[PDB]
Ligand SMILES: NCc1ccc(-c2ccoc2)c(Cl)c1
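Only one chain is given next, in structure tokens, and it is the form deposited without the ligand.
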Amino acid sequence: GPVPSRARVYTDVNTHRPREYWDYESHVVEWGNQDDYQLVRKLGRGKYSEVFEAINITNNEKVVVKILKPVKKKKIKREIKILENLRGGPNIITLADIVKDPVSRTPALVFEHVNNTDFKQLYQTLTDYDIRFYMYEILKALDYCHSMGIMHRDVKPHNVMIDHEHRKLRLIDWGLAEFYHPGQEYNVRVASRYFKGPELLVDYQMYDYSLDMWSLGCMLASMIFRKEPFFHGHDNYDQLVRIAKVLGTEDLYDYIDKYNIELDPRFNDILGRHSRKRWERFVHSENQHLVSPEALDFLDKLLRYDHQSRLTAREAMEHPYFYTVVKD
């Protein structure tokens, strides 16, 4: 059987919290007034919810309303409990209210509004300094939620709302987030394909906060190298092959051998043999203004096969890449 694993930091935070902190199945939702919120325009639709811009008519301020599609009550309670636990934290989206939508017959979560620019266009304009600044801001949110016993499990550009005018960032969409408990086996069907960590792609269930650090490394690689997404797999099997063409197959085998994991035999025909690459091969004249020795070393320390070898969020914030970022 597989070798067990523990987070190297914040391992026992939920153990010593009161049970009501992490026992979301017992959470009692405090419902607000559904008539406080007038929907203005639909912003998007996903498989789990629809998202609207709305106005809170008690203060005439914009809010964002996520009306959930039918899903399990425990998953709705999990997201609500996590949002309430994290509320007030650095760069965490604020849950302002929870109401019962009379049409959908489901809960509607009401969030603070961020005047965001879509990442496709925003990422074309970010400078080297901007990328370091916003990476540091994401790390504040990730160290906070990890320190609070929670892994986000869906870090990707679409879930980082940036108001570039005010240099404001919020980490959003906590619907896949979970409480970390030592020894717990988790569902590997989390995160978006391009941001899935190797642990998910080899079906290793006893993972932890370090998953979010792989996803963040994938974001960083796409930004400094101007290739979005960086690891561009056509399915979950090809995703691991794309990773192995950069990190190499020998260290992939070291990873699965450490945890006494077997690869899916369907990789026998597609994985090949690949040396580990040096990050300098991805630098060219059109991205070199975003690349520095510090950026490559930082990236190299996030993108490790072994989840136990990745920088923690706090360690990442100590990295020389962030020395040029102004801290007040």
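Residues carry their position along the shown sequence, with the first being 1.
Separately, the form solved in complex with the ligand exists; it is not shown, and the next lines address it.
A.B. asks: Is there a non-hydrogen atom of residue 248 within 4.5 angstroms of a non-hydrogen atom of the ligand in the deposited complex?
C.D. replies: Answer no; every heavy atom of residue 248 is more than 4.5 Å from the ligand in the deposited complex.
A.B. asks: Determine whether any heavy atom of residue 134 comes within 4.5 Å of a heavy atom of the ligand in the deposited complex, and answer yes or no.
C.D. replies: So residue 134 counts as contacting the ligand.
A.B. asks: Quick one: does residue 213 come within 4.5 Å of the ligand in the deposited complex, counting heavy atoms only?
C.D. replies: Because no heavy atom of residue 213 falls inside 4.5 Å of the ligand in the deposited complex, the answer is no.
A.B. asks: Is it the case that residue 106, even though its partner is missing from this view, gets within 4.5 Å of the ligand in the deposited complex, heavy atoms only?
C.D. replies: Heavy-atom contact with the ligand at 4.5 Å: present for residue 106.
A.B. asks: Counting non-hydrogen atoms within 4.5 angstroms of the ligand in the deposited complex, say which of 148, 191, 206, 122 makes the cut.
C.D. replies: Exactly one residue meets the criterion: 122.
A.B. asks: Looking at 82, 160, 142, 243 here, can you tell me which has any non-hydrogen atom within 4.5 angstroms of the ligand in the deposited complex?
C.D. replies: Result of the distance check: 160.
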